[PDB]
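[1] I would like the atomic coordinates for the input below:
(chains A, B, C, D and E)
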Amino acid sequence: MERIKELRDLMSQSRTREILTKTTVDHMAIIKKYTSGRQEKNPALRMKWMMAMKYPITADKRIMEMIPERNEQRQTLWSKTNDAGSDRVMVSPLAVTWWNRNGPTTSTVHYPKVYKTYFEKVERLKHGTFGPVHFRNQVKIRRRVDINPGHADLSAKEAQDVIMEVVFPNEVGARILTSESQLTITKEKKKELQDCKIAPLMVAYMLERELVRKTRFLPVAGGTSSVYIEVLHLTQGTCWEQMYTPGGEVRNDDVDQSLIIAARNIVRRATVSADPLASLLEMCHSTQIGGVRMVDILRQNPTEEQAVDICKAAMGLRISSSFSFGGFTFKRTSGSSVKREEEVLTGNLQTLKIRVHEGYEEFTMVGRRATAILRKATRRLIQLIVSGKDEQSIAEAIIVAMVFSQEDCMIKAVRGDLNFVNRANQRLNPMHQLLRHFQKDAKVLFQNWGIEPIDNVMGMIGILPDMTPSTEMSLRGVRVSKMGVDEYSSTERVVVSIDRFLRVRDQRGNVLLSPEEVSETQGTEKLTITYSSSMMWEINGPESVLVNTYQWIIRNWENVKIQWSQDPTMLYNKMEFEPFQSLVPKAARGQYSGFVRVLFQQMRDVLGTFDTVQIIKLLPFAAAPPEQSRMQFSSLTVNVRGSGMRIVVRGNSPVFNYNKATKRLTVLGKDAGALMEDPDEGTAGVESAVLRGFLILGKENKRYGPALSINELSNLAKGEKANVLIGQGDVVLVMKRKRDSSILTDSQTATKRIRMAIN
Amino acid sequence: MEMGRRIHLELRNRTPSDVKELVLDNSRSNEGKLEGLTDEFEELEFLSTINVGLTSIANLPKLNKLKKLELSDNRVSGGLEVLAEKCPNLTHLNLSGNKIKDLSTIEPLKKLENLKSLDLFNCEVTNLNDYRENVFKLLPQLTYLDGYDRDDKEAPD
Amino acid sequence: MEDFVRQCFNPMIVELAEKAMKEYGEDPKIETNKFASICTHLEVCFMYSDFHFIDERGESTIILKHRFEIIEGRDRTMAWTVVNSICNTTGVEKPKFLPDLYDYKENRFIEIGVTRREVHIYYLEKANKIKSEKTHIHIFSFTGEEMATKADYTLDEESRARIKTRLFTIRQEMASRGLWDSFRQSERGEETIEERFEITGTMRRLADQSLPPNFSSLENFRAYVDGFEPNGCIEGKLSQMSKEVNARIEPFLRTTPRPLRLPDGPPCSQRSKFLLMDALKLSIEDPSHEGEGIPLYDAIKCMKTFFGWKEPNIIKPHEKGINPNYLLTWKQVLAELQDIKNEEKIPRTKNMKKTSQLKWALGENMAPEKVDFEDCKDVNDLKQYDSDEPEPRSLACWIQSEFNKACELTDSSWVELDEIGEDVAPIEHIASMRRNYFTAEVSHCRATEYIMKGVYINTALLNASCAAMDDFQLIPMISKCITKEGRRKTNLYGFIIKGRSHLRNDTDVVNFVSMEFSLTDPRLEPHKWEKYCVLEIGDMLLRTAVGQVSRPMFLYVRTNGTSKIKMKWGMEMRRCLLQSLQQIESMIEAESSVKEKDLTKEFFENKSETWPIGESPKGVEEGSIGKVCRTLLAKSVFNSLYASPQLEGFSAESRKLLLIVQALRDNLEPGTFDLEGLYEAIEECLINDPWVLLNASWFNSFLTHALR
Amino acid sequence: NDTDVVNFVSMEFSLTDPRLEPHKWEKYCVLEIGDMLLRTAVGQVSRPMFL
Amino acid sequence: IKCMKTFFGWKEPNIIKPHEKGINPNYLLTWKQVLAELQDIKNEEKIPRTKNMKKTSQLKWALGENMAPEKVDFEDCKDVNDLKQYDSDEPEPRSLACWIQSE
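    Numbering: from 1, shown residues only, chains lettered A, B, ... in the order given. Here you go:
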């Protein structure tokens, strides 16, 4: 055929053969950058010149069979010529227009599917709403913002893998054939694009555009959502503004909040622990956030918070050399300081052990509602500038800055005791206590802080102690800018040191982060959170404890079922069931356990009536001393934060909802998971031919037979080994799996063994 | 999927005489008529047909042990004498989402004296004024309409 | 690489590798190839000993006691103690070197190694190193190859496949990350070496010769730099260097500045490509004739609308050319026009027969032949190419008159901007209002005529150049317009004849001769037209209050050259429009910001607010929004037409003086150090250009006004 | 003024499918903000809860 | 709050029948804001009598504050292409529908 004959021609010459045999496929793309042509400077002039010619458009040989030589007016569409470097026949724009007006027609059913991003833009515009323009001074604060809504926020590598599986089915790398998580999106796309004639490279590029995230540094003055950035030209101006709203669909996720809560819980529960470092590491390695391990999210998500930063420092990575103090992200900009320990007596006869910075340092702070700068000397506040939308933002920012300054003037201005203790009843460090105290009331300090006149100049105004604008007098080094201050432009990530106390210390010996700086606020998990760690369900509560128990049961469904079929007793005495029975009242747990145990006895006695859902629902209740009873229960009470929740043995219940149509299980509304089944004959062989779970066996082996294409591996028998071409032309011997394990659990046992040995 | 294949799959390589509950969900029927089911089924006790695309229950066999019959989310309309005679032992019935005009077509269900519960939802009959009480009058044997009794009390199993 | 190692492997193994290396006093951040090698070693070790257990009967099993015991992950003392304990308990012989694993089922020490190179070579090196037959060897390869003694691989196919596949995936990831080559390279036999890049040979001598005077070797300089500490070197140097090295601030206050001195000489001459204010157009109000649209047909129809073709005669001679040849060119043009008129089969384009007058007019073959310098090195007349100082000239008032006529309106509309999508958003409506107001303001201005005329000229020129490579093509200068009656009018400014168009580069020139009709008399200002040839080709009747007066209709012929880049820049002149708007809209917007409301109507329809936009004997003259609109449009269009390096040089070096004087006006107490240098730099830019001399006069006037 | 109009936004729960008679619903936006378990002759069936 | 706590079937809100001539997404956003604000109230201790929602873009858009035409004298808006008297036009006829009978 043409391809192999061309390869033979290439091999005939000495140099082409030498380059073929020498260069490895790894460096193929390196010899793709050795272009001997010449890039056309000023292509606009070149295009203007070219269009005047007769045949400036290059078409392919096949065009000779479909488009006739001349049209009705005898104009010349295509010419019997060839391009410089190939066999591309020469044609004129007449050929393009003739093809459009009289060419063969097909169905563009897949074009909307491949081009969902552009059509999504179309829909978002078509359903928008407008409002009156307003003319006024515009302030466009500069910041980073999303670009393309509708993305899955996948890493470039994951998007490449998805594209390779979707459009390049039998050319996927070894990682996919040695991979387990066949993403749902991949199968969705494979089903969507079954019969698509579009050029596969175009499909790949469009999927890449659709599934990737992008961020840009822009000046915005209003809404920052992704759908509010694609129309930034229409919305914001230098002197005007436009009221607009996209009318499509927003995809604001919540995994960031879940990660915040998870990290906060981990730090709060490990700070009191004996070995916070190894403990937190073990937790992070064995925790799942909405069906995905937390390690991937930590490596992927660009979150910035004290808990996550300390987690990174413990695990070992780079974090910003700054701290978010009082709800404001700080950043050093100029000068240097030295940390010195001292004891300070406040105005309430309270002695506090503090560490103050001595030096002529400068910081910039960016909060949720303000932006400020602060130049501080050795225990001396020199200059403070703030800008904020509201007066309250101004006041909180200034309070944060002054408490950070840690000057001696405010020390004598403390009124009332500073004995604030966080919700965990752990003593708060003096600076945080002072911050909260001055948040509560600072009028006395304002009266006794400092007052001096200021020269009047444009663009900046003073502030009186009652937090009102002033032009003739203000506080010492306190000023407010009438124009917004642009945030920090860059952040420095440096190597940092972490101690067992979860305190992050810089290379100069100073401390950077502490768990005490972590906010103790509690939120709600939008997405379910699963743990396989130790008795760490301290803040989980019953609501999430139920879901965690059901998740743990369903993860080990095979082992649980085998134990129930063979050794029910040991399964019943499992330790992991301890918290569930805590919720069940202590005056009835025996009756529930006995009832469920006798029900299981009847279940095993009978055959052909197997029901997985009932067993999963009723297993945790069989973990208590089974006192005999005769009453036929129908609703087993389940205490949930002082609210008796019952479980109906037959049929669905609010505390246990399983949908058969979707075969999905959820508990108290929260997501729990799904079962591994499809036909009503206890098998899982009915799938879409998932081509995963293969193990290589070294280089090609001739005995096993001629090499097979990946697409035809599906015919392989259980455990049969053959030769297949993986990657971009690498023949290897592969087999089907026989032991239902994965690569994740490897090294864990030896990991713990060597960890014990070292310590 | 189709009817017969679904019934064979549910049977689980067993004879059509040892099934106490049959689940036919999201199936399809040709010409909107029941197919597959035959007299051999004599132990069935809990049937369910949802989104099955049946125009009417005109080919239902004599499942004398049929007690919990469900025809939900379908477009069944016509005479119900076939249900009255073929399965005279119905106890729980569900017609939620069906296409029924008025009580003149739901009258034949009075023949079954064991119907302890009749469920209707998103139907044309329920639009009529005093639908609940009129149906109760038409079906005295009924005790729980739409999962509620004559005094608006939830019906525990 | 280091980041890849940290991310791809289990962090605990990373910690073990870090401890094992730190035992040797090494830092991973300096050496990472060793770090990656050790991490791979520990990973393969722990993979080997995983999922293996000893059953009740002693048979191996996969999930009691671990069948494999690890020794490689421990310290020296610990590893030695455990190997000794194994030897004593199981009566095993002491290997000469520390193994990696111990297999309990076969009771033997097995060393394991992952090799980037071939398996066999590493096997041989390990065997030669150990020199003992009591230790088993298991070598793995990232490529999917392995080897062991007697091929007695302890593990089952499943675990061997797992290890092979893990190493294969690691290799693929390292390669895709651009680190596989260095990793494979760093392996040297049985050890991993740090990357080395040492200066030896030529660079050693070069570095020895590239150091400060008081140093002799690069190593001595490095030692000096390393041991250096800051001890008042800068302070001492400042205390040493003379006070004469200082930046003195010279006060700048209302008296220092002076006007810029223009160059002296004769008045400057016109250099534009085409006539601007002295053109004449032969018009047809409605081209409804057969075969309309073709430039030749429209040109011929316009020609037939005029009578008065009299015998032409040289009026203003081409001081350097040969006037009779220009006369013959015009005569040939006319004769070809009559011939094609009587043909009755006018094609799309007209090709002119080559002739002596044509070939000389377009500079065909008038170029010195290229010879080797050595061959003609004896020629006395031989001398470097003449590149002396361009002749200084004097600003002549014709430029000011041309600009004044440019910034004024006309009778018809010289722009037909295309369509856009319908306005929906309120801001779209405000934008449409502003755009329509500006368009009406400058839809008829003279500068717009210049823009359209040049656009058409260059478009036709380039299209003919590409289509007619080796022919003399006759290109009428035509334009279209919309009269007050809303009739599609066509205007004929003149004709153009293009020479050889075998153009390859974007700077090589095609020579053409342009003959533009006119009604001015060159003899009034000869120095203006010293590059033109003028033939009194006819008489035209002009209407005035005293009836129809006959005047002489001239035809300026000149020879010019155009480059592809210049033609493109000509076709880009329409962008000039945008520039003007971008300077007024801002002003509009500015006031809106200070008023918090729209101001399009109170500016484009108030006609009361004004800006100083000129000078007159009474004083400074103030103009409305339209005056400024068309003034800026004319300035942009002329800048496009009269672009020259001196213009940009003067603009750049004058912006500084503008900013200094403005800062003085704002009462900012400005100061300067070497102001005379700035004046000299500005003055160096004024030599010959009419435009630049005019701008210098304008700046002198502005300084005069602002100083008071 | 007594005739001054105050604008409010009202969110009302419901269990009627608005795809049965959509024309009746033209000024409303329908969300599906949960599922409710209702007792019927065949147990506790789940149905959407509209807003 | 107590009535809300009696339900646990909350899902992620999604639009089944959208407001054709209106703002669909902002209704969803304001419903989410309502739920989040109720949870925040739950997190409080000294709950006052009533709680006022903070001003948000979606809240204004759903209310109509950002869609309300501004006020200007007729002198400054007379020259508007589509400036017309309020739409005092007879509403279009509508056929009888059976749903009112059922109501």
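[2] where does residue A:739 sit, in terms of helix or strand?
    Counting by DSSP states H and E, no helix or strand carries residue A:739.
[3] quick check: closest non-adjacent residue to the residue of chain A found nearest chain B.
    In chain A, the residue that lies nearest chain B is residue A:681 (5.5 Å; C-beta to the nearest C-beta). Every C-beta, even on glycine, is put in place using the N, C-alpha and C of the backbone. Counting by C-beta to C-beta, 6 or more residues apart in numbering or on different chains, residue A:681 lies nearest to residue B:12, which is 5.5 Å off, once chain neighbours are set aside.
[4] for the closest residue to chain C within the stretch 51-200 of chain A, which non-adjacent residue is spatially closest?
    Closest residue of the stretch 51-200 of chain A to chain C, C-beta to the nearest C-beta: residue A:52 (3.8 Å). Residue nearest to residue A:52 in three dimensions, not counting chain neighbours: residue C:466, with 3.8 Å by C-beta to C-beta, 6+ apart.
[5] ok, the one you found - contacts?
    Neighbouring residues of residue C:466 by C-beta atoms under 8 Å, 6 or more residues apart in numbering or on different chains: A:49, A:52, A:53, C:501.
[6] my guess is the residue nearest to residue A:681 contacts residue A:680, does it?
    Yes - between residue B:12 and residue A:680 there is a contact under C-beta atoms under 8 Å: 6.4 Å.
[7] which residues in the stretch 451-600 of chain C form helices?
    For the stretch 451-600 of chain C, helices defined by DSSP state H, counting those that start in this stretch occupy the ranges C:564-571, C:575-595.
[8] and the ones you listed, which is most packed in?
    helix C:564-571 (a mean of 19; mean count of other C-beta atoms under 10 Å in any protein chain shown).
[9] give me the distance from it to the chain's centre.
    Distance of helix C:564-571 from its chain centroid, counting by C-alpha atoms, centre = their mean, to the nearest Å, is 17 Å.
[10] near chain D, which residues of chain B show up?
    B:48, B:68, B:70, B:72, B:92-94, B:96, B:117-119, B:121-122, B:144, B:146-147, B:154-157 (C-beta under 8 Å from any C-beta of the partner chain).
[11] please spell out the ChimeraX selection for the buried subset of those.
    Buried members of these, defined by 16 or more other C-beta atoms under 10 Å in any protein chain shown, are picked up in ChimeraX with:
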select /B:48,68,70,72,92,93,94,96,117,118,119,121,144,146,147,155
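[12] so which of the residues of chain B next to chain D are in strands?
    Judged by DSSP state E, the subset of those located in strands is B:48, B:68, B:70, B:72, B:92, B:93, B:94, B:117, B:118, B:119, B:144.
[13] grab the nearest non-local neighbour of the fourth one.
    What that stands for is residue B:72. residue B:96 (4.7 Å).
[14] re the thing from before, so which of the helices of the stretch 451-600 of chain C comes closest to residue A:370?
    Smallest distance to residue A:370 across those (C-beta to C-beta): 23.5 Å, for helix C:575-595.
[15] residue in the stretch 1-150 of chain C nearest to chain D?
    residue C:7 (40.4 Å).
[16] tell me what the helix or strand encompassing that residue is packed against?
    Assigned by DSSP H and E, residue C:7 belongs to helix C:2-8. Judged by 3 or more C-beta pairs under 8 Å, 6 or more residues apart in numbering or on different chains; DSSP states H and E, the packing partners of helix C:2-8 are helix C:33-48, helix C:157-176.
[17] between those, which one is nearest to chain E?
    Closest among these, once you apply C-beta to the nearest C-beta, is helix C:157-176, at 36.0 Å.
[18] nearest residue to the middle of chain A?
    The centre of chain A sits closest to residue A:301, judged by C-alpha atoms, centre = their mean, with a distance of 4.3 Å.
[19] which residues touch it?
    Contact partners of residue A:301, counting by C-beta under 8 Å, 6+ apart, are A:255, A:256, A:259.
[20] alpha carbons of the helix or strand containing the last one, as PDB, please.
    Using DSSP H and E, the element containing residue A:259 is helix A:255-271. What follows is helix A:255-271, C-alpha atoms only, in PDB (Å, rounded to 0.1, in the frame of the first residue of the first chain):
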ATOM      1  CA  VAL A 255     -15.100  21.100  46.700                       C
ATOM      2  CA  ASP A 256     -13.000  24.000  47.900                       C
ATOM      3  CA  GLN A 257     -15.200  24.400  51.000                       C
ATOM      4  CA  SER A 258     -15.100  20.600  51.700                       C
ATOM      5  CA  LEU A 259     -11.300  20.700  51.500                       C
ATOM      6  CA  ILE A 260     -11.200  23.700  53.800                       C
ATOM      7  CA  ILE A 261     -13.300  21.800  56.400                       C
ATOM      8  CA  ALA A 262     -11.300  18.600  55.900                       C
ATOM      9  CA  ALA A 263      -7.900  20.300  56.500                       C
ATOM     10  CA  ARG A 264      -9.300  22.300  59.400                       C
ATOM     11  CA  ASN A 265     -10.500  19.100  61.100                       C
ATOM     12  CA  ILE A 266      -7.200  17.300  60.400                       C
ATOM     13  CA  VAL A 267      -5.100  20.100  61.900                       C
ATOM     14  CA  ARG A 268      -7.500  20.500  64.900                       C
ATOM     15  CA  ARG A 269      -7.500  16.800  65.700                       C
ATOM     16  CA  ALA A 270      -3.700  16.300  65.000                       C
ATOM     17  CA  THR A 271      -2.400  19.300  67.000                       C
END
